[PDB]
>>> print(open('data-v7.txt').read())   # compact mmCIF, C-alpha atoms
# COMPACT_ATOMS: atom_id res chain seq x y z
CA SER Y 172 99.03 31.91 126.16
CA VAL Y 173 101.54 29.40 124.81
CA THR Y 174 104.28 29.27 122.16
CA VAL Y 175 103.51 26.71 119.45
CA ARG Y 176 106.66 24.72 118.62
CA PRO Y 177 107.72 23.25 115.23
CA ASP Y 178 107.29 19.65 116.39
CA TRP Y 179 103.71 20.16 117.53
CA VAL Y 180 101.25 18.39 115.24
CA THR Y 181 97.72 19.70 114.66
CA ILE Y 182 95.21 16.91 115.25
CA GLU Y 183 92.04 18.83 114.62
CA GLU Y 184 90.85 22.40 114.62
CA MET Y 185 87.33 23.79 114.80
CA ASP Y 186 86.03 27.30 114.23
CA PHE Y 187 83.50 28.96 116.54
CA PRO Y 188 80.55 28.65 114.12
CA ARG Y 189 80.92 24.83 114.11
CA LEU Y 190 81.59 24.63 117.85
CA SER Y 191 78.36 26.61 118.36
CA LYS Y 192 76.44 23.88 116.53
CA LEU Y 193 77.69 20.95 118.65
CA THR Y 194 75.03 19.35 120.81
CA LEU Y 195 74.72 16.58 123.39
CA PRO Y 196 71.12 16.71 124.66
CA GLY Y 197 69.72 14.80 127.61
CA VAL Y 198 72.67 14.97 130.00
CA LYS Y 199 71.40 14.38 133.54
CA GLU Y 200 72.18 16.45 136.63
CA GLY Y 201 75.56 15.71 138.18
CA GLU Y 202 75.67 13.01 140.80
CA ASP Y 203 77.69 13.65 143.99
CA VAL Y 204 80.51 11.17 144.55
CA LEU Y 205 82.20 13.06 147.43
CA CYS Y 206 81.45 16.29 149.26
CA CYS Y 207 84.04 18.14 151.29
CA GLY Y 208 84.94 21.44 152.85
CA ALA Y 209 82.89 24.01 154.74
CA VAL Y 210 81.06 27.20 153.93
CA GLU Y 211 79.94 30.24 155.80
CA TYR Y 212 76.38 31.57 155.76
CA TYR Y 213 75.35 34.46 153.57
CA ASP Y 214 74.75 37.77 155.40
CA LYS Y 215 71.40 38.98 154.10
CA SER Y 216 72.13 42.53 155.24
CA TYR Y 217 74.03 42.78 151.94
CA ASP Y 218 70.68 42.48 150.18
CA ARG Y 219 69.81 45.99 151.42
CA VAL Y 220 72.96 47.58 149.97
CA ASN Y 221 72.13 49.98 147.10
CA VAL Y 222 73.54 53.08 145.34
CA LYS Y 223 72.08 55.33 148.06
CA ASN Y 224 73.52 53.02 150.74
CA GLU Y 225 76.89 51.85 149.42
CA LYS Y 226 79.22 49.69 151.48
CA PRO Y 227 83.00 49.88 151.23
CA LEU Y 228 84.68 46.70 150.08
CA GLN Y 229 86.90 45.15 152.72
CA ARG Y 230 90.28 43.52 152.18
CA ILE Y 231 89.97 39.90 153.34
CA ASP Y 232 92.95 37.78 154.14
CA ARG Y 233 92.20 34.18 153.23
CA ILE Y 234 93.53 31.20 151.29
CA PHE Y 235 92.03 30.82 147.80
CA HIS Y 236 92.94 27.51 146.13
CA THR Y 237 92.92 26.96 142.38
CA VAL Y 238 94.20 23.42 142.25
CA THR Y 239 94.43 21.76 138.83
CA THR Y 240 92.90 18.33 138.24
CA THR Y 241 95.99 16.14 138.54
CA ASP Y 242 97.19 18.01 141.63
CA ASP Y 243 93.86 17.33 143.39
CA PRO Y 244 94.28 14.45 145.85
CA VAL Y 245 90.56 13.65 145.78
CA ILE Y 246 90.56 13.34 141.99
CA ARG Y 247 93.69 11.22 142.15
CA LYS Y 248 92.02 8.81 144.59
CA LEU Y 249 88.62 8.75 142.83
CA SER Y 250 90.26 8.10 139.48
CA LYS Y 251 91.45 4.74 140.75
CA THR Y 252 87.82 3.48 140.97
CA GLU Y 253 85.40 5.92 139.24
CA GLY Y 254 85.06 7.51 135.80
CA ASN Y 255 87.42 7.90 132.84
CA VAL Y 256 87.54 11.67 132.32
CA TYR Y 257 88.63 14.13 135.01
CA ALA Y 258 88.48 17.90 135.30
CA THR Y 259 87.51 20.83 137.53
CA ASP Y 260 84.60 23.23 137.08
CA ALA Y 261 86.93 26.13 136.14
CA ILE Y 262 88.62 24.06 133.45
CA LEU Y 263 85.29 22.74 132.12
CA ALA Y 264 83.84 26.26 132.04
CA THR Y 265 86.73 27.51 129.88
CA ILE Y 266 86.12 24.70 127.36
CA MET Y 267 82.31 24.91 127.48
CA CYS Y 268 82.30 28.66 126.95
CA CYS Y 269 85.11 28.77 124.36
CA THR Y 270 82.98 30.41 121.65
CA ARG Y 271 82.60 33.47 123.87
CA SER Y 272 86.36 33.76 124.43
CA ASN Y 273 88.52 36.46 122.89
CA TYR Y 274 91.72 36.28 124.90
CA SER Y 275 94.04 33.29 124.36
CA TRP Y 276 94.00 30.28 126.70
CA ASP Y 277 95.08 26.66 126.69
CA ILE Y 278 94.39 23.41 128.51
CA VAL Y 279 96.68 20.36 128.73
CA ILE Y 280 95.07 16.96 128.31
CA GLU Y 281 96.89 13.83 129.40
CA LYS Y 282 95.76 10.47 128.08
CA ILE Y 283 96.77 7.43 130.15
CA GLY Y 284 95.14 4.21 129.07
CA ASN Y 285 91.41 4.82 128.71
CA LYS Y 286 91.56 7.94 130.95
CA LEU Y 287 91.79 11.67 130.17
CA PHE Y 288 92.96 14.29 132.66
CA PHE Y 289 92.24 17.94 131.78
CA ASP Y 290 94.70 20.39 133.42
CA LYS Y 291 95.56 24.06 133.47
CA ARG Y 292 99.18 25.17 133.67
CA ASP Y 293 99.77 26.95 137.00
CA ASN Y 294 102.22 29.65 135.90
CA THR Y 295 99.74 31.34 133.57
CA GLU Y 296 96.89 33.85 133.87
CA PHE Y 297 94.38 31.00 133.74
CA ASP Y 298 92.88 31.86 137.12
CA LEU Y 299 92.51 35.60 136.61
CA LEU Y 300 89.18 37.11 135.68
CA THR Y 301 89.10 39.15 132.47
CA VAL Y 302 87.70 42.68 132.17
CA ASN Y 303 85.94 44.07 129.07
CA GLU Y 304 87.32 41.10 127.15
CA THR Y 305 84.38 41.05 124.71
CA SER Y 306 84.03 44.81 124.23
CA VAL Y 307 84.23 46.32 120.75
CA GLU Y 308 87.47 47.93 121.97
CA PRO Y 309 88.95 45.88 124.86
CA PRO Y 310 91.31 47.73 127.15
CA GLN Y 311 94.27 49.07 125.19
CA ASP Y 312 96.71 50.41 127.81
CA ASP Y 313 100.23 49.02 128.00
CA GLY Y 314 101.72 47.27 131.00
CA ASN Y 315 102.29 49.99 133.62
CA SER Y 316 98.78 51.42 133.56
CA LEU Y 317 96.21 50.78 136.28
CA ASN Y 318 93.88 50.09 133.31
CA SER Y 319 96.03 47.58 131.41
CA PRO Y 320 94.23 44.29 130.74
CA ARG Y 321 96.51 42.53 133.24
CA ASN Y 322 96.13 45.09 136.00
CA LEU Y 323 92.35 45.17 135.43
CA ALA Y 324 92.35 41.35 135.65
CA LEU Y 325 94.34 41.42 138.94
CA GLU Y 326 91.93 44.04 140.32
CA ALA Y 327 88.79 42.13 139.37
CA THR Y 328 90.20 38.86 140.82
CA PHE Y 329 91.10 40.74 144.04
CA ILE Y 330 87.61 42.24 144.16
CA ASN Y 331 86.00 38.84 143.75
CA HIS Y 332 88.10 37.30 146.52
CA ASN Y 333 87.12 40.16 148.85
CA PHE Y 334 83.44 40.31 147.92
CA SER Y 335 82.77 36.59 148.08
CA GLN Y 336 83.97 36.51 151.69
CA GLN Y 337 82.74 39.90 152.89
CA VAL Y 338 79.08 39.12 152.33
CA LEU Y 339 79.28 36.07 154.62
CA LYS Y 340 78.96 35.65 158.41
CA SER Y 341 82.71 35.51 159.00
CA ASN Y 342 82.45 35.29 162.77
CA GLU Y 343 80.07 32.32 162.90
CA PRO Y 344 80.51 28.55 162.55
CA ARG Y 345 80.47 26.99 159.17
CA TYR Y 346 78.16 24.53 157.49
CA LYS Y 347 80.47 21.52 157.17
CA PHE Y 348 80.37 18.77 154.60
CA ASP Y 349 81.28 15.21 155.58
CA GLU Y 350 84.95 15.34 154.54
CA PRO Y 351 87.29 18.23 155.29
CA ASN Y 352 88.69 20.62 152.69
CA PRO Y 353 91.22 18.44 150.84
CA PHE Y 354 93.72 21.22 150.21
CA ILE Y 355 94.63 22.36 153.73
CA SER Y 356 96.04 21.22 157.02
CA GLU Y 357 93.60 21.32 159.98
CA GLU Y 358 95.66 24.27 161.23
CA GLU Y 359 94.56 26.31 158.19
CA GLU Y 360 90.82 25.78 158.61
CA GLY Y 361 90.50 29.26 160.07
CA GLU Y 362 92.45 30.75 157.18
CA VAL Y 363 90.84 29.07 154.16
CA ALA Y 364 88.15 30.81 152.10
CA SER Y 365 84.49 29.80 152.47
CA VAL Y 366 84.22 27.05 149.88
CA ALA Y 367 82.74 23.57 149.76
CA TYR Y 368 83.39 21.05 147.02
CA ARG Y 369 81.16 18.55 145.31
CA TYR Y 370 83.02 15.99 143.23
CA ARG Y 371 80.33 15.04 140.71
CA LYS Y 372 79.81 12.39 138.06
CA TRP Y 373 78.14 12.65 134.61
CA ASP Y 374 77.40 10.03 131.96
CA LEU Y 375 78.27 11.68 128.61
CA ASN Y 376 77.47 8.65 126.42
CA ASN Y 377 79.99 6.93 124.15
CA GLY Y 378 81.48 5.17 127.19
CA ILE Y 379 82.43 8.51 128.79
CA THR Y 380 82.06 9.11 132.53
CA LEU Y 381 83.20 12.53 133.71
CA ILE Y 382 84.30 13.23 137.31
CA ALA Y 383 84.86 16.90 138.12
CA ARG Y 384 85.40 19.12 141.15
CA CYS Y 385 82.55 21.61 141.54
CA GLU Y 386 82.05 24.14 144.33
CA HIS Y 387 79.79 26.58 146.25
CA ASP Y 388 80.91 29.82 147.91
CA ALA Y 389 78.34 29.82 150.66
CA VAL Y 390 75.07 28.56 152.12
CA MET Y 391 71.97 30.49 152.91
CA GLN Y 392 68.86 29.71 154.94
CA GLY Y 393 66.08 29.60 152.34
CA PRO Y 394 62.34 30.45 152.53
CA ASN Y 395 61.48 27.95 155.26
CA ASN Y 396 64.75 26.84 156.86
CA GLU Y 397 65.77 25.11 153.62
CA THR Y 398 69.53 25.10 153.08
CA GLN Y 399 70.42 26.72 149.75
CA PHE Y 400 73.85 26.68 148.17
CA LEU Y 401 75.30 29.73 146.48
CA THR Y 402 77.72 30.77 143.79
CA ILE Y 403 78.84 34.32 144.59
CA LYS Y 404 80.60 36.58 142.10
CA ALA Y 405 81.40 40.26 141.68
CA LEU Y 406 80.88 42.32 138.58
CA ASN Y 407 83.09 45.39 138.60
CA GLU Y 408 83.35 48.89 137.25
CA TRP Y 409 86.79 50.47 136.83
CA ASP Y 410 86.28 53.70 134.79
CA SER Y 411 82.89 53.92 133.09
CA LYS Y 412 84.03 56.81 130.89
CA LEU Y 413 87.14 55.07 129.57
CA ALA Y 414 85.17 51.81 129.22
CA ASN Y 415 82.39 53.72 127.39
CA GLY Y 416 79.99 51.99 129.76
CA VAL Y 417 76.84 53.05 131.57
CA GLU Y 418 77.71 54.74 134.87
CA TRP Y 419 76.57 52.46 137.69
CA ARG Y 420 76.04 55.18 140.28
CA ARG Y 421 73.74 56.96 137.82
CA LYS Y 422 71.88 53.99 136.33
CA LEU Y 423 71.71 51.11 138.85
CA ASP Y 424 68.67 52.65 140.59
CA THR Y 425 66.32 53.04 137.63
CA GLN Y 426 68.05 51.29 134.72
CA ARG Y 427 69.28 48.04 136.23
CA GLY Y 428 68.36 46.26 133.00
CA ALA Y 429 70.63 48.48 130.93
CA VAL Y 430 73.52 47.98 133.38
CA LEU Y 431 73.10 44.21 133.17
CA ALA Y 432 72.79 44.18 129.37
CA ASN Y 433 76.06 46.07 129.11
CA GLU Y 434 77.77 43.50 131.35
CA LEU Y 435 76.41 40.58 129.29
CA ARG Y 436 77.94 41.95 126.09
CA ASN Y 437 81.23 43.35 127.47
CA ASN Y 438 82.07 40.46 129.78
CA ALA Y 439 80.39 37.63 127.90
CA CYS Y 440 82.92 34.88 128.56
CA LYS Y 441 83.42 35.73 132.26
CA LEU Y 442 79.70 35.71 132.95
CA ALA Y 443 78.99 32.51 131.00
CA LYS Y 444 81.82 30.70 132.85
CA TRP Y 445 80.42 31.73 136.23
CA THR Y 446 76.99 30.49 135.18
CA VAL Y 447 78.45 27.18 134.07
CA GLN Y 448 80.21 26.85 137.44
CA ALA Y 449 76.88 27.42 139.29
CA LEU Y 450 75.04 24.94 137.01
CA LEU Y 451 77.68 22.22 137.32
CA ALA Y 452 77.67 22.50 141.14
CA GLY Y 453 73.89 22.63 141.31
CA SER Y 454 73.90 25.98 143.16
CA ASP Y 455 70.40 27.20 144.04
CA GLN Y 456 71.36 30.84 143.39
CA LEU Y 457 73.94 32.91 141.63
CA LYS Y 458 74.57 36.10 143.64
CA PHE Y 459 76.23 39.03 141.90
CA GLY Y 460 77.73 42.02 143.56
CA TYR Y 461 78.25 45.31 141.69
CA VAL Y 462 81.60 46.73 142.84
CA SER Y 463 83.07 50.01 141.63
CA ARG Y 464 86.26 51.91 142.33
CA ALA Y 465 85.73 54.62 144.93
CA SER Y 466 87.69 56.87 142.58
CA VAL Y 467 88.45 56.07 138.98
CA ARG Y 468 92.12 56.93 139.40
CA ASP Y 469 92.71 54.51 142.27
CA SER Y 470 92.43 50.71 141.86
CA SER Y 471 93.07 50.01 145.60
CA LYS Y 472 89.73 51.21 147.07
CA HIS Y 473 86.30 49.89 146.11
CA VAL Y 474 82.64 50.12 147.09
CA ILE Y 475 79.73 47.72 146.85
CA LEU Y 476 76.85 49.47 145.07
CA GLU Y 477 74.28 46.71 144.69
CA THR Y 478 73.69 42.94 144.87
CA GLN Y 479 71.44 40.77 142.69
CA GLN Y 480 70.30 37.14 142.82
CA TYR Y 481 69.40 34.74 139.95
CA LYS Y 482 68.46 31.11 139.70
CA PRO Y 483 71.30 29.72 137.55
CA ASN Y 484 69.01 28.04 135.02
CA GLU Y 485 67.09 31.30 134.55
CA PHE Y 486 70.27 33.32 134.16
CA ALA Y 487 71.52 30.81 131.59
CA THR Y 488 68.36 31.51 129.61
CA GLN Y 489 68.99 35.26 129.91
CA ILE Y 490 72.53 34.95 128.49
CA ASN Y 491 71.61 32.30 125.89
CA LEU Y 492 73.83 29.71 127.55
CA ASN Y 493 72.76 26.26 126.33
CA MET Y 494 74.17 23.33 128.27
CA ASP Y 495 73.37 20.98 125.35
CA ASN Y 496 76.00 22.98 123.46
CA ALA Y 497 78.43 23.09 126.41
CA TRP Y 498 78.28 19.29 126.79
CA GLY Y 499 78.55 18.83 122.99
CA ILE Y 500 81.74 20.87 122.88
CA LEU Y 501 83.26 18.89 125.71
CA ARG Y 502 82.29 15.53 124.17
CA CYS Y 503 83.80 16.57 120.83
CA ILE Y 504 87.15 17.36 122.48
CA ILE Y 505 86.99 14.16 124.51
CA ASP Y 506 86.37 12.13 121.34
CA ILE Y 507 89.34 13.68 119.54
CA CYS Y 508 91.58 12.82 122.47
CA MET Y 509 90.25 9.30 123.04
CA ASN Y 510 91.16 8.47 119.43
CA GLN Y 511 94.83 9.22 120.22
CA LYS Y 512 97.73 7.34 121.69
CA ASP Y 513 98.68 7.78 125.33
CA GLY Y 514 100.53 11.04 125.92
CA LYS Y 515 99.98 14.77 126.18
CA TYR Y 516 97.74 16.96 124.03
CA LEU Y 517 96.93 20.63 124.12
CA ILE Y 518 93.77 22.48 123.28
CA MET Y 519 94.19 26.19 122.72
CA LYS Y 520 92.36 29.27 121.54
CA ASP Y 521 94.06 31.13 118.69
CA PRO Y 522 95.08 34.64 119.89
CA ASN Y 523 93.75 36.28 116.76
CA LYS Y 524 91.12 33.94 115.30
CA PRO Y 525 87.79 32.47 116.40
CA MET Y 526 88.96 28.92 116.62
CA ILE Y 527 90.33 26.22 118.83
CA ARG Y 528 93.08 23.85 117.90
CA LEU Y 529 94.05 20.52 119.43
CA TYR Y 530 97.74 19.63 119.23
CA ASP Y 531 99.79 16.52 119.74
CA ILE Y 532 102.74 17.77 121.79
CA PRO Y 533 106.01 16.12 122.92
CA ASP Y 534 105.28 14.45 126.26
CA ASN Y 535 108.10 16.31 128.03
CA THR Y 536 106.74 19.72 126.99
CA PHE Y 537 104.78 20.18 130.22
>>> encode(input="data-v7.txt", output="structure tokens")
Amino acid sequence: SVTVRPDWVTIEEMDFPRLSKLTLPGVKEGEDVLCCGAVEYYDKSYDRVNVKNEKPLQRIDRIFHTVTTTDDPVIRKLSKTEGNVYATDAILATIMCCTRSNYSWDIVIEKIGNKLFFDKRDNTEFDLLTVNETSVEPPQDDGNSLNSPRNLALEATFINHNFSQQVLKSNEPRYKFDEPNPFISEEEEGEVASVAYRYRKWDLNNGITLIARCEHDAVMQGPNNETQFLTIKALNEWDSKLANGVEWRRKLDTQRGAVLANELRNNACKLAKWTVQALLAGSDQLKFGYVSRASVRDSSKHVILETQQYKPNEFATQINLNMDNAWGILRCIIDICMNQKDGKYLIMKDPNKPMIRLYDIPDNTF
């Protein structure tokens, strides 16, 4: 993800077995500090989609923001009066789920006085979803191929953008939070994706107060007119034979469990990060779509085969995601950084080894 330079100094490194043993129990639910944006309502007709009643996936033309912490004008303003550590849910999920990661990644941490800002670099593949990252044999094709890791990542990201919006009531008013979406002009309110943000606060002990941007994709009217908030994601199938997977069209109907088990093992980091995003936001449900290519030789046309719903805390149990561990990992990295001088630091995942390394880097590096 990044080229280590000769003047970078290793501060501390930790292997996955030790990271897996970190623990910070007793962390309370996030507390909302500011809520903004606007979401569309879920279209429950997508709950009746199944392999015998597939629905083509539509191309949706909307604005999808992925703004890093220090570029976020709400975080910038909040940081003047609240907290001492700042991040976004996507950045936190990468750190919290690091022991499930295979592919390289990095996060820049800036220390300014008693404050830490966690950022992603914008020019990288940080935002793209990975595909078969944790398979025994991850995708092997070289650049050109429709099945190269990068092209699969672009396809899955595209699918998720489309799916998350398609299953909503696009032609109906939104559920609005108190403040408007902080990333757009009023003129773009009709163009922006369905997304609402909760900027939330956690006490992580040791004088640490985290403020992070969390989000929901949609709202839904619950059992008795109760407003529920949703995280909506798409699992995808590209070529079951080349993936050595279980064929969704053949198995979703009767062997849903086997299909899901295969996803848990072959996309372990992706799925854990989504679950962390839902937990941090306090989403009532995680909704998964199952999207497949219409034809395995064409990555431009897709179909929705099925949708599933989980309570995030129950799904976490199913994938053995333990938030005591997630919070422990984050606090460990925070402690390493708080012991340093003001300046820039970098945490990164070794491309070939199960470990993370925190570097002291020249402050003009990034």
>>> closest_atom_pairs(input="data-v7.txt", of="region 372-468 of chain Y", to="region 489-505 of chain Y", cutoff="12 Å", atoms="all atoms listed in the file", output="tab-separated table")
residue	atom	partner	partner_atom	distance
Y:373	CA	Y:498	CA	10.3
Y:374	CA	Y:498	CA	10.6
Y:375	CA	Y:502	CA	7.1
Y:376	CA	Y:502	CA	8.7
Y:377	CA	Y:502	CA	8.9
Y:378	CA	Y:502	CA	10.8
Y:379	CA	Y:502	CA	8.4
Y:380	CA	Y:502	CA	10.5
Y:381	CA	Y:502	CA	10.0
Y:428	CA	Y:489	CA	11.4
Y:431	CA	Y:489	CA	10.4
Y:432	CA	Y:490	CA	9.3
Y:433	CA	Y:490	CA	11.7
Y:434	CA	Y:490	CA	10.4
Y:435	CA	Y:490	CA	6.9
Y:436	CA	Y:490	CA	9.2
Y:438	CA	Y:490	CA	11.1
Y:439	CA	Y:490	CA	8.3
Y:440	CA	Y:490	CA	10.4
Y:441	CA	Y:490	CA	11.6
Y:442	CA	Y:490	CA	8.5
Y:443	CA	Y:492	CA	6.8
Y:444	CA	Y:492	CA	9.6
Y:445	CA	Y:492	CA	11.1
Y:446	CA	Y:492	CA	8.3
Y:447	CA	Y:494	CA	8.2
Y:448	CA	Y:494	CA	11.5
Y:450	CA	Y:494	CA	8.9
Y:451	CA	Y:494	CA	9.8
>>> atom_distance(input="data-v7.txt", atom1="CA of residue 528 (chain Y)", atom2="CA of residue 241 (chain Y)")
22.2 Å
>>> residues_around(input="data-v7.txt", residues="region 349-351 of chain Y", least_positions_apart="5", cutoff="8 Å", atoms="only C-alpha atoms", output="ChimeraX atom specification")
/Y:205-209
>>> residues_near_point(input="data-v7.txt", point="(86.8, 46.2, 128.3)", cutoff="10 Å", atoms="all atoms listed in the file", output="list in words")
residues 301, 302, 303, 304, 305, 306, 307, 308, 309, 310, 311, 318, 319, 320, 323, 408, 409, 410, 411, 413, 414, 415, 416, 434, 437 and 438 of chain Y
>>> residues_around(input="data-v7.txt", residues="residue 336 (chain Y)", least_positions_apart="3", cutoff="12 Å", atoms="all atoms listed in the file", output="number ranges by chain")
Y: 210-214, 217, 228-235, 329-333, 339-342, 362-366, 388-390, 402-405, 460
>>> residues_around(input="data-v7.txt", residues="residue 218 (chain Y)", least_positions_apart="5", cutoff="9 Å", atoms="all atoms listed in the file", output="PDB file with C-alpha atoms, keeping the file's coordinate frame")
ATOM      1  CA  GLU Y 477      74.280  46.710 144.690  1.00  0.00           C
ATOM      2  CA  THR Y 478      73.690  42.940 144.870  1.00  0.00           C
ATOM      3  CA  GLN Y 479      71.440  40.770 142.690  1.00  0.00           C
TER       4      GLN Y 479
END
>>> closest_residue(input="data-v7.txt", among="Y:259, Y:487, Y:343, Y:291", to="residue 517 (chain Y)", atoms="all atoms listed in the file")
Y:291
>>> atom_distance(input="data-v7.txt", atom1="CA of residue 522 (chain Y)", atom2="CA of residue 488 (chain Y)")
28.6 Å
>>> atom_distance(input="data-v7.txt", atom1="CA of residue 247 (chain Y)", atom2="CA of residue 281 (chain Y)")
13.4 Å
>>> closest_atom_pairs(input="data-v7.txt", of="region 420-526 of chain Y", to="region 533-536 of chain Y", cutoff="9 Å", atoms="only C-alpha atoms", output="CSV")
residue,atom,partner,partner_atom,distance
Y:514,CA,Y:534,CA,5.9
Y:515,CA,Y:534,CA,5.3
Y:516,CA,Y:534,CA,8.3
>>> residues_around(input="data-v7.txt", residues="residue 317 (chain Y)", least_positions_apart="2", cutoff="10 Å", atoms="only C-alpha atoms", output="VMD selection string")
chain Y and resid 312 to 315 319 to 323 325 to 326 409 467 to 471
>>> closest_residue(input="data-v7.txt", among="Y:283, Y:385, Y:527, Y:185", to="residue 266 (chain Y)", atoms="all atoms listed in the file")
Y:527
>>> closest_residue(input="data-v7.txt", among="Y:473, Y:189, Y:482, Y:176", to="residue 270 (chain Y)", atoms="only C-alpha atoms")
Y:189
>>> residues_around(input="data-v7.txt", residues="region 421-423 of chain Y", least_positions_apart="4", cutoff="10 Å", atoms="all atoms listed in the file", output="PyMOL selection string")
chain Y and resi 221-222+417+427-431+461+476-477
>>> closest_residue(input="data-v7.txt", among="Y:424, Y:485, Y:531, Y:293", to="residue 507 (chain Y)", atoms="all atoms listed in the file")
Y:531
>>> residues_near_point(input="data-v7.txt", point="(100.8, 30.0, 122.3)", cutoff="10 Å", atoms="only C-alpha atoms", output="ChimeraX atom specification")
/Y:172-176,275-277,519-522
>>> closest_residue(input="data-v7.txt", among="Y:327, Y:261, Y:463, Y:267", to="residue 195 (chain Y)", atoms="only C-alpha atoms")
Y:267
>>> build_atoms(input="data-v7.txt", residues="region 329-342 of chain Y", atoms="N, CA, C and O atoms", output="short mmCIF file (atom, residue, chain, number, x, y, z; two decimals), in the frame of the given file")
data_model
loop_
_atom_site.label_atom_id
_atom_site.label_comp_id
_atom_site.auth_asym_id
_atom_site.auth_seq_id
_atom_site.Cartn_x
_atom_site.Cartn_y
_atom_site.Cartn_z
N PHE Y 329 90.99 40.24 142.64
CA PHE Y 329 91.10 40.74 144.04
C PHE Y 329 89.72 41.13 144.57
O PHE Y 329 89.35 40.76 145.70
N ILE Y 330 88.96 41.86 143.76
CA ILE Y 330 87.61 42.24 144.16
C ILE Y 330 86.74 41.02 144.43
O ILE Y 330 85.98 40.99 145.40
N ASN Y 331 86.83 40.01 143.57
CA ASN Y 331 86.00 38.84 143.75
C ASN Y 331 86.36 38.04 145.00
O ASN Y 331 85.48 37.60 145.73
N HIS Y 332 87.65 37.90 145.27
CA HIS Y 332 88.10 37.30 146.52
C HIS Y 332 87.49 38.05 147.72
O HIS Y 332 86.91 37.43 148.61
N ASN Y 333 87.61 39.38 147.72
CA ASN Y 333 87.12 40.16 148.85
C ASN Y 333 85.60 40.05 148.99
O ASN Y 333 85.07 39.77 150.06
N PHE Y 334 84.90 40.32 147.89
CA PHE Y 334 83.44 40.31 147.92
C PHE Y 334 82.83 38.98 148.35
O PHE Y 334 81.89 38.94 149.16
N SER Y 335 83.34 37.89 147.80
CA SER Y 335 82.77 36.59 148.08
C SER Y 335 82.85 36.27 149.57
O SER Y 335 82.01 35.52 150.05
N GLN Y 336 83.83 36.82 150.27
CA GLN Y 336 83.97 36.51 151.69
C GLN Y 336 83.28 37.57 152.53
O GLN Y 336 82.72 37.25 153.59
N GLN Y 337 83.28 38.82 152.07
CA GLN Y 337 82.74 39.90 152.89
C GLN Y 337 81.26 39.73 153.19
O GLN Y 337 80.81 39.99 154.32
N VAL Y 338 80.53 39.23 152.20
CA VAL Y 338 79.08 39.12 152.33
C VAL Y 338 78.63 37.91 153.14
O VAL Y 338 77.45 37.62 153.20
N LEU Y 339 79.57 37.23 153.80
CA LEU Y 339 79.28 36.07 154.62
C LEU Y 339 79.42 36.38 156.12
O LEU Y 339 80.01 37.40 156.52
N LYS Y 340 78.87 35.49 156.95
CA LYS Y 340 78.96 35.65 158.41
C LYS Y 340 80.27 35.05 158.89
O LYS Y 340 80.35 33.90 159.34
N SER Y 341 81.32 35.87 158.75
CA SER Y 341 82.71 35.51 159.00
C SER Y 341 82.97 35.07 160.43
O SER Y 341 83.91 34.32 160.71
N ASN Y 342 82.17 35.58 161.35
CA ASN Y 342 82.45 35.29 162.77
C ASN Y 342 81.58 34.19 163.35
O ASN Y 342 81.48 34.05 164.58
#
